[PDB]
């Protein structure tokens, strides 16, 4: 790699970071959108106030404003559902470590309730909330309401640092390695500039996923993050070994690799900043399929990339990885659904199944009520799109288990439901090839009616090759496609994936059988379960 390749390609100008004049040749259309107008201005200079007043039909008549609502608004966490729910916006939060309060949950419920049949909410595969039904004129008030309850939606889409994932059992599990909440909180504060916006990290070449590990179970999926912090003691000091570059895409899926770097626990934010600065400064900005950070690491080599991180650290110090980390490889991933004792004597948490992560306003209010009556007003989200209510006095559990709402959001659903994960799909997502959430529930119910099993088989349904529902981590994955029935008629189908393993012995699954009509999946899946996962026909 020539020295010229290492010249930073962006510069700070008037509070924002912009591509230098000589580094604009050959850039992709999204890079052009970012040059034409700085997306962060919609929040940081309150551009949204006047934009929200323009009728959407008028907005669509000019490129600048159409790009504002379809692209730039994703820096404020607002996602126009142009194709499938025209004129409505999904809104996505920052929710480090998946932690919410009952007051926040009620606020979110109040927003979606206004929109009737156009509103609902979802738990995401980054243990985050999305709300639906939002209309542009309401955006300024919703932004204010979020701030009022201590939430932000900043920088949650497009070329930004995505939700910091941590251990859903942080602070409460007897078996935790280290409480991840202080670290994910710090990362979210850094990323969003304490909810004011942080332009230094909002003009990346592409999305970028961080997580902090605190569990032997590796609930945080460090192998598929751009930056994963692996807890490790080095020379008698607590800190983290760093994994970099994990990502999924239509073109390529790759597990994170060692940076060969250890940082003291206090250097979590400094090293996140250094890595993001290197990616921002040096990453390719052409073909969008080749802009994730792993492509930079491959171009420079991991050592070349490491040197770029090192030079951006305070005092330019970046120690080599600790020979061992704290994660025990002898481990069986633990079910968190149901009632479990906390490390705090006399307290339990309860994991509740949320079928395919989908809730309505009334459901959110009920869950918030349970969290207040039984817990400490806290609701935790998981990356399997479930919930945990922590800090419940154990003597209250008997009463809790009788609550009517638990017949719907159950502490002990059938085993295949416990592991079921499904993305948005074509109900709302414009890229989706198939419907996912209703279909996945229907097929899973039919499969479980036919077989019993004891292995915790994890089934993931994703609607298109973007693989937001991570089919490559599943025991059995389903990637949406169009295919043909016996008569040659167009039907919805799935490409079926096998081989995904999570935890310390992680492995990426691969296509097993392409183009299976969705109507033909039940017998295929039943046989796979019997033949490979010890399932027994009923």
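Numbering follows the first chain given and starts at 1.
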- Note on the structure: The stretch carrying the higher mean Cα B factor in the deposited entry, 136-144 or 182-190, is 136-144
- Note on the structure: Mean B factor on CA atoms, stretches 18-26 and 524-532, record says higher is 18-26
- From 445, 384, 159, 365, can you pick the one with the highest C-alpha B factor in the entry? 445
- Among 206, 358, 72, 396, which carries the highest Cα B-factor? 396
- Chain thirds by Cα B factor, record data; residue 231 belongs to the lowest
- Message: Sorting by Cα B-factor within the chain, modelled residues only, which third would residue 503 end up in: lowest, middle or highest?
- Response: middle
- Task: Sorting the chain's modelled residues by C-alpha B-factor, tell me whether residue 459 ends up in the lowest, middle or highest third.
- Result: lowest
- Chain-relative CA temperature factor third for residue 318: highest
- Item | Assigned third (lowest, middle, highest) for the C-alpha B factor of residue 331 | highest
